[PDB]
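data05.txt (compact mmCIF, C-alpha atoms) appears below.
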# COMPACT_ATOMS: atom_id res chain seq x y z
CA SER Q 1 -44.42 10.24 -2.50
CA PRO Q 2 -43.46 6.56 -3.06
CA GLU Q 3 -40.67 7.64 -5.41
CA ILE Q 4 -37.39 8.90 -3.81
CA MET Q 5 -38.09 8.29 -0.10
CA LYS Q 6 -35.60 5.46 0.48
CA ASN Q 7 -32.32 7.18 -0.41
CA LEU Q 8 -29.44 8.69 1.57
CA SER Q 9 -29.47 11.56 -1.00
CA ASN Q 10 -31.03 14.14 1.38
CA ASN Q 11 -28.96 13.18 4.43
CA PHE Q 12 -25.80 13.33 2.29
CA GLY Q 13 -26.81 16.82 1.14
CA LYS Q 14 -27.42 17.83 4.80
CA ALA Q 15 -23.90 16.63 5.83
CA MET Q 16 -22.54 18.57 2.79
CA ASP Q 17 -24.59 21.64 3.88
CA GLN Q 18 -23.10 21.29 7.37
CA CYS Q 19 -19.62 21.41 5.73
CA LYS Q 20 -20.77 24.31 3.46
CA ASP Q 21 -21.63 26.13 6.75
CA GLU Q 22 -19.23 24.97 9.47
CA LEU Q 23 -16.39 25.32 6.97
CA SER Q 24 -18.22 27.99 4.94
CA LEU Q 25 -17.27 26.16 1.67
CA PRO Q 26 -18.18 28.34 -1.35
CA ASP Q 27 -21.06 27.34 -3.70
CA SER Q 28 -18.32 26.99 -6.40
CA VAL Q 29 -16.49 24.33 -4.31
CA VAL Q 30 -19.86 22.67 -3.59
CA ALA Q 31 -20.71 22.66 -7.35
CA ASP Q 32 -17.10 21.54 -8.09
CA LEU Q 33 -17.63 18.62 -5.64
CA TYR Q 34 -20.91 17.54 -7.24
CA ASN Q 35 -19.23 17.75 -10.72
CA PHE Q 36 -16.21 15.70 -9.46
CA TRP Q 37 -17.81 12.22 -9.46
CA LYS Q 38 -20.28 13.09 -12.27
CA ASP Q 39 -18.40 11.71 -15.32
CA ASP Q 40 -14.66 12.27 -14.73
CA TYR Q 41 -13.36 15.55 -13.28
CA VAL Q 42 -10.05 16.57 -11.66
CA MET Q 43 -10.36 19.31 -9.07
CA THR Q 44 -7.28 21.45 -8.44
CA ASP Q 45 -8.55 23.37 -5.33
CA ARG Q 46 -7.94 22.15 -1.78
CA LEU Q 47 -11.29 23.19 -0.27
CA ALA Q 48 -13.13 20.28 -1.92
CA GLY Q 49 -10.73 17.94 -0.02
CA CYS Q 50 -11.59 19.90 3.13
CA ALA Q 51 -15.30 19.22 2.37
CA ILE Q 52 -14.52 15.48 1.94
CA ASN Q 53 -12.73 15.20 5.35
CA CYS Q 54 -15.74 17.06 6.87
CA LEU Q 55 -18.32 14.67 5.31
CA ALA Q 56 -16.08 11.97 6.89
CA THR Q 57 -16.42 13.65 10.31
CA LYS Q 58 -20.24 13.39 9.74
CA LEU Q 59 -20.90 9.73 8.86
CA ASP Q 60 -23.86 9.91 11.33
CA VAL Q 61 -25.22 12.73 9.14
CA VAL Q 62 -24.48 10.96 5.80
CA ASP Q 63 -26.24 7.66 6.80
CA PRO Q 64 -28.43 8.24 9.90
CA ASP Q 65 -29.67 4.59 9.56
CA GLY Q 66 -26.33 3.63 11.20
CA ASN Q 67 -24.29 1.97 8.38
CA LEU Q 68 -21.62 4.54 7.49
CA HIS Q 69 -18.79 4.48 10.07
CA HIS Q 70 -14.97 4.34 10.23
CA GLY Q 71 -13.57 1.50 8.09
CA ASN Q 72 -17.23 0.38 7.78
CA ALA Q 73 -18.27 1.37 4.25
CA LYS Q 74 -19.17 -2.34 3.84
CA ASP Q 75 -22.54 -2.12 5.66
CA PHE Q 76 -23.20 1.16 3.83
CA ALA Q 77 -22.54 -0.54 0.46
CA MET Q 78 -24.53 -3.68 1.45
CA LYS Q 79 -27.69 -1.64 2.25
CA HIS Q 80 -27.46 0.18 -1.13
CA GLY Q 81 -26.07 -2.02 -3.88
CA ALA Q 82 -23.07 -4.21 -3.05
CA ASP Q 83 -22.25 -7.60 -1.56
CA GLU Q 84 -19.03 -8.60 0.34
CA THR Q 85 -16.98 -8.83 -2.89
CA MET Q 86 -18.06 -5.42 -4.35
CA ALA Q 87 -18.07 -3.93 -0.83
CA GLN Q 88 -14.47 -5.17 -0.26
CA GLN Q 89 -13.28 -4.13 -3.77
CA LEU Q 90 -13.96 -0.46 -2.98
CA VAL Q 91 -12.26 -0.77 0.43
CA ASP Q 92 -9.26 -2.19 -1.49
CA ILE Q 93 -9.24 0.81 -3.90
CA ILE Q 94 -9.01 3.28 -0.97
CA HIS Q 95 -6.60 0.99 0.96
CA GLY Q 96 -4.61 0.77 -2.29
CA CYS Q 97 -4.63 4.48 -3.14
CA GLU Q 98 -3.98 5.68 0.45
CA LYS Q 99 -0.60 3.82 0.51
CA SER Q 100 0.33 4.49 -3.13
CA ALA Q 101 -0.23 8.19 -2.29
CA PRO Q 102 2.80 10.55 -2.46
CA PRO Q 103 4.70 11.90 0.60
CA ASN Q 104 2.14 14.56 1.53
CA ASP Q 105 0.30 13.83 4.79
CA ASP Q 106 -2.27 16.69 5.02
CA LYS Q 107 -5.96 17.17 6.07
CA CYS Q 108 -7.27 18.25 2.66
CA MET Q 109 -4.58 17.55 0.03
CA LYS Q 110 -3.93 13.84 0.88
CA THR Q 111 -7.72 13.27 0.77
CA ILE Q 112 -7.71 14.81 -2.76
CA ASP Q 113 -4.84 12.55 -3.99
CA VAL Q 114 -6.37 9.32 -2.60
CA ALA Q 115 -9.85 10.44 -3.93
CA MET Q 116 -8.61 11.22 -7.49
CA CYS Q 117 -6.59 7.97 -7.43
CA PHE Q 118 -9.78 6.15 -6.38
CA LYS Q 119 -11.67 7.35 -9.50
CA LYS Q 120 -8.72 6.32 -11.73
CA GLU Q 121 -8.94 2.81 -10.17
CA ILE Q 122 -12.74 2.72 -10.74
CA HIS Q 123 -11.57 1.85 -14.29
CA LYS Q 124 -10.08 -1.48 -13.08
CA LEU Q 125 -13.32 -2.63 -11.37
CA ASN Q 126 -15.09 -3.17 -14.74
CA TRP Q 127 -18.32 -2.08 -13.07
CA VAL Q 128 -19.69 1.27 -11.84
CA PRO Q 129 -20.06 2.02 -8.12
CA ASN Q 130 -23.01 4.21 -7.13
CA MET Q 131 -22.37 7.86 -6.10
CA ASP Q 132 -23.14 6.37 -2.66
CA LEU Q 133 -20.44 3.65 -2.97
CA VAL Q 134 -17.78 6.13 -4.21
CA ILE Q 135 -18.27 8.99 -1.74
CA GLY Q 136 -19.09 6.70 1.22
CA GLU Q 137 -15.73 4.90 0.83
CA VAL Q 138 -13.44 7.98 0.98
CA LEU Q 139 -15.56 9.16 3.97
CA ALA Q 140 -15.12 5.84 5.82
CA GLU Q 141 -11.28 5.87 5.48
CA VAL Q 142 -10.53 9.67 5.85
In structure tokens, how does this file's structure come out?
Amino acid sequence: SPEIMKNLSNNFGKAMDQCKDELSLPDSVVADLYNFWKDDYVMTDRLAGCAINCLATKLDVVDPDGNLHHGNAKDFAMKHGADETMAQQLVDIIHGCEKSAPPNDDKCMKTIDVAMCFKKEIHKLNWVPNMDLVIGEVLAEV
């Protein structure tokens, strides 16, 4: 129907489902993930971070149109709801948080730190990035 047929929503969910399978992430971690960005939630598991680095291995599954790539969240933002300022702001949150991150260089835990930091810094934007814009950024950098 001419309703929800122009949205990366499904393809996102497929890349998540691939991580839910290829990593066998539990439905509780999947639900925890979807709750994470939903208002303001702190996860304390590590498997959600492992999901994030897997979504990041699957940018070609997240946006099969060809926007989402390494360091390339800008095109992905542009085709959704940003311009070069907004699309750079988010890059600067992850590029900020990734360096401000503690001495723990890990596959899942560092992702979690930089991702929770990112949501804290969504406060300083004084706008509200789309679910797309949030999750696509961590993916592009991880």
*asked:* Env of residue 136 of chain Q: 8 Å cut, atoms = all atoms listed in the file, seq-sep filter 6 positions within chain, self excluded. Answer as a PyMOL selection string.
replied: chain Q and resi 68+73+76
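What separates atom CA of residue 65 of chain Q from atom CA of residue 52 of chain Q is a distance of 20.2 Å.
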_From Q:6, Q:110, Q:119, Q:14, residue lying nearest residue 142 of chain Q [all atoms listed in the file]_ =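 Looking only at the distances to residue 142 of chain Q, the closest residue turns out to be Q:110.
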*Pick out the residues sitting within 10 Å of residue 42 of chain Q, and hand them over as JSON, numbers by chain; count all atoms listed in the file, and ignore anything fewer than 3 positions along from it in its own chain.*
{"Q": [32, 33, 35, 36, 37, 45, 112, 115, 116, 119]}
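Counting all atoms listed in the file and comparing Q:15, Q:117, Q:94, Q:4, the residue that lies closest to residue 58 of chain Q is Q:15.
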*Nearest to residue 46 of chain Q among Q:19, Q:29, Q:13, Q:104, with distances taken over only C-alpha atoms: which residue is it?*
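Among the listed residues, the smallest separation from residue 46 of chain Q belongs to Q:29.
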*Nearest to residue 67 of chain Q: which of Q:8, Q:138, Q:30, Q:122 is it, counting all atoms listed in the file?*
Q:8
*With all atoms listed in the file counted, which protein, DNA or RNA residues have an atom no more than 12 Å from (-9.9, -4.4, -5.2) in the file frame? Please answer as number ranges by chain.*
Q: 84-97, 118, 121-127
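If all atoms listed in the file are the atoms counted, then among Q:83, Q:27, Q:3, Q:105 the closest residue to residue 47 of chain Q is Q:27.
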*Rounded to one decimal place, report the atom CA of residue 99 of chain Q-atom CA of residue 31 of chain Q distance in Å.*
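Taking atom CA of residue 99 of chain Q and atom CA of residue 31 of chain Q, their separation equals 28.7 Å.
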_Which residue of Q:81, Q:64, Q:49, Q:2 approaches residue 130 of chain Q most closely, using all atoms listed in the file_ =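 Among Q:81, Q:64, Q:49, Q:2, it is Q:81 that comes nearest to residue 130 of chain Q.
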*Suppose you want the space between atom CA of residue 53 of chain Q and atom CA of residue 5 of chain Q; what is it in Å?*
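Atom-to-atom, atom CA of residue 53 of chain Q and atom CA of residue 5 of chain Q are spaced 26.8 Å apart.
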Contacts of residue 133 of chain Q within 7 Å, all atoms listed in the file, excl. fewer than 4 positions in-chain, as a short mmCIF file (atom, residue, chain, number, x, y, z; two decimals) with C-alpha atoms, keeping the file's coordinate frame:
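What follows is the written file part.cif:
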data_model
loop_
_atom_site.label_atom_id
_atom_site.label_comp_id
_atom_site.auth_asym_id
_atom_site.auth_seq_id
_atom_site.Cartn_x
_atom_site.Cartn_y
_atom_site.Cartn_z
CA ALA Q 77 -22.54 -0.54 0.46
CA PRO Q 129 -20.06 2.02 -8.12
CA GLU Q 137 -15.73 4.90 0.83
#
Reconstruct segment 84-108 of chain Q at the level of N, CA and C atoms, and format the result as an mmCIF file, keeping the file's coordinate frame.
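Result file result_30.cif:
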data_model
loop_
_atom_site.group_PDB
_atom_site.id
_atom_site.type_symbol
_atom_site.label_atom_id
_atom_site.label_comp_id
_atom_site.auth_asym_id
_atom_site.auth_seq_id
_atom_site.Cartn_x
_atom_site.Cartn_y
_atom_site.Cartn_z
ATOM 1 N N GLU Q 84 -20.357 -8.494 -0.269
ATOM 2 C CA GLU Q 84 -19.030 -8.600 0.340
ATOM 3 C C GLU Q 84 -17.837 -8.595 -0.603
ATOM 4 N N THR Q 85 -18.009 -8.963 -1.870
ATOM 5 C CA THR Q 85 -16.980 -8.830 -2.890
ATOM 6 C C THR Q 85 -16.906 -7.363 -3.332
ATOM 7 N N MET Q 86 -17.953 -6.824 -3.965
ATOM 8 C CA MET Q 86 -18.060 -5.420 -4.350
ATOM 9 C C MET Q 86 -17.683 -4.506 -3.188
ATOM 10 N N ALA Q 87 -18.245 -4.763 -2.009
ATOM 11 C CA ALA Q 87 -18.070 -3.930 -0.830
ATOM 12 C C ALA Q 87 -16.622 -3.970 -0.304
ATOM 13 N N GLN Q 88 -15.882 -5.044 -0.582
ATOM 14 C CA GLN Q 88 -14.470 -5.170 -0.260
ATOM 15 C C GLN Q 88 -13.617 -4.559 -1.374
ATOM 16 N N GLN Q 89 -14.014 -4.688 -2.642
ATOM 17 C CA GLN Q 89 -13.280 -4.130 -3.770
ATOM 18 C C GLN Q 89 -13.008 -2.653 -3.561
ATOM 19 N N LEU Q 90 -14.037 -1.893 -3.179
ATOM 20 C CA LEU Q 90 -13.960 -0.460 -2.980
ATOM 21 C C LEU Q 90 -13.052 -0.125 -1.798
ATOM 22 N N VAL Q 91 -13.178 -0.861 -0.688
ATOM 23 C CA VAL Q 91 -12.260 -0.770 0.430
ATOM 24 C C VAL Q 91 -10.828 -0.957 -0.083
ATOM 25 N N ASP Q 92 -10.593 -1.908 -0.989
ATOM 26 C CA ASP Q 92 -9.260 -2.190 -1.490
ATOM 27 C C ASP Q 92 -8.760 -1.090 -2.417
ATOM 28 N N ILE Q 93 -9.644 -0.369 -3.125
ATOM 29 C CA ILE Q 93 -9.240 0.810 -3.900
ATOM 30 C C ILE Q 93 -8.732 1.892 -2.946
ATOM 31 N N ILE Q 94 -9.445 2.205 -1.858
ATOM 32 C CA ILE Q 94 -9.010 3.280 -0.970
ATOM 33 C C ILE Q 94 -7.780 2.801 -0.201
ATOM 34 N N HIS Q 95 -7.763 1.556 0.287
ATOM 35 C CA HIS Q 95 -6.600 0.990 0.960
ATOM 36 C C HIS Q 95 -5.399 0.857 0.029
ATOM 37 N N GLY Q 96 -5.639 0.773 -1.278
ATOM 38 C CA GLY Q 96 -4.610 0.770 -2.290
ATOM 39 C C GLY Q 96 -4.061 2.178 -2.434
ATOM 40 N N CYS Q 97 -4.945 3.104 -2.806
ATOM 41 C CA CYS Q 97 -4.630 4.480 -3.140
ATOM 42 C C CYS Q 97 -3.994 5.230 -1.980
ATOM 43 N N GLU Q 98 -4.406 4.949 -0.740
ATOM 44 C CA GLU Q 98 -3.980 5.680 0.450
ATOM 45 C C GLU Q 98 -2.472 5.456 0.686
ATOM 46 N N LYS Q 99 -1.988 4.256 0.338
ATOM 47 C CA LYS Q 99 -0.600 3.820 0.510
ATOM 48 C C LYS Q 99 0.244 4.194 -0.697
ATOM 49 N N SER Q 100 -0.306 4.046 -1.905
ATOM 50 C CA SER Q 100 0.330 4.490 -3.130
ATOM 51 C C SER Q 100 0.448 6.012 -3.225
ATOM 52 N N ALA Q 101 -0.215 6.748 -2.329
ATOM 53 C CA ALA Q 101 -0.230 8.190 -2.290
ATOM 54 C C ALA Q 101 1.180 8.742 -2.040
ATOM 55 N N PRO Q 102 1.491 9.929 -2.575
ATOM 56 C CA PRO Q 102 2.800 10.550 -2.460
ATOM 57 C C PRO Q 102 3.098 10.984 -1.011
ATOM 58 N N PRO Q 103 4.350 11.370 -0.700
ATOM 59 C CA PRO Q 103 4.700 11.900 0.600
ATOM 60 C C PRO Q 103 4.121 13.313 0.738
ATOM 61 N N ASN Q 104 2.859 13.372 1.131
ATOM 62 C CA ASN Q 104 2.140 14.560 1.530
ATOM 63 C C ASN Q 104 1.043 14.083 2.470
ATOM 64 N N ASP Q 105 1.245 14.261 3.773
ATOM 65 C CA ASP Q 105 0.300 13.830 4.790
ATOM 66 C C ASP Q 105 -0.339 15.128 5.282
ATOM 67 N N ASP Q 106 -1.572 15.405 4.869
ATOM 68 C CA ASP Q 106 -2.270 16.690 5.020
ATOM 69 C C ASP Q 106 -3.740 16.392 5.325
ATOM 70 N N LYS Q 107 -4.536 17.371 5.768
ATOM 71 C CA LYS Q 107 -5.960 17.170 6.070
ATOM 72 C C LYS Q 107 -6.813 17.244 4.824
ATOM 73 N N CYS Q 108 -6.437 18.041 3.831
ATOM 74 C CA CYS Q 108 -7.270 18.250 2.660
ATOM 75 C C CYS Q 108 -6.568 17.692 1.425
#
